[PDB]
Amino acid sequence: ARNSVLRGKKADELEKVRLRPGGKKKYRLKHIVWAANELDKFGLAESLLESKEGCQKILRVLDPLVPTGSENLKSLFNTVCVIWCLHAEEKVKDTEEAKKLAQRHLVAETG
């Protein structure tokens, strides 16, 4: 359920994150459920969205598939990055800002 992933202030913080750097379209609750059903399509547990570590576990798995990834894959990656910034409570203003902060953690923990 959407209440399990993001809830309370974290949901309000999500809807202040823009879908694109300069755009005006912002994230909504439907993005949370879509990413969960996206994970369920590939056998990955939805419960990883509920933690910054589980989100980091999602990113480590999806990253070797991004180069050949579809639009759903390349964007599910971006949605998980947004969720990680909210679990880590890092103020990002857009998807590209979430990718910058989430992949910064991904680069650093690699190895």
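Throughout, we count residues from 1 along the sequence that is shown.
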(Q) Quick check on the record: does 78-86 or 62-70 carry the larger mean Cα temperature factor? (A) 62-70
(Q) Quick check: 23-31 versus 49-57, which has the larger average CA B-factor in the record? (A) 23-31
**Q.** Ranked C-alpha temperature factor of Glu96 among modelled chain residues, by third
**A.** middle
Q | Cα B factor band for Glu15 (lowest, middle or highest third within the chain) | A | lowest
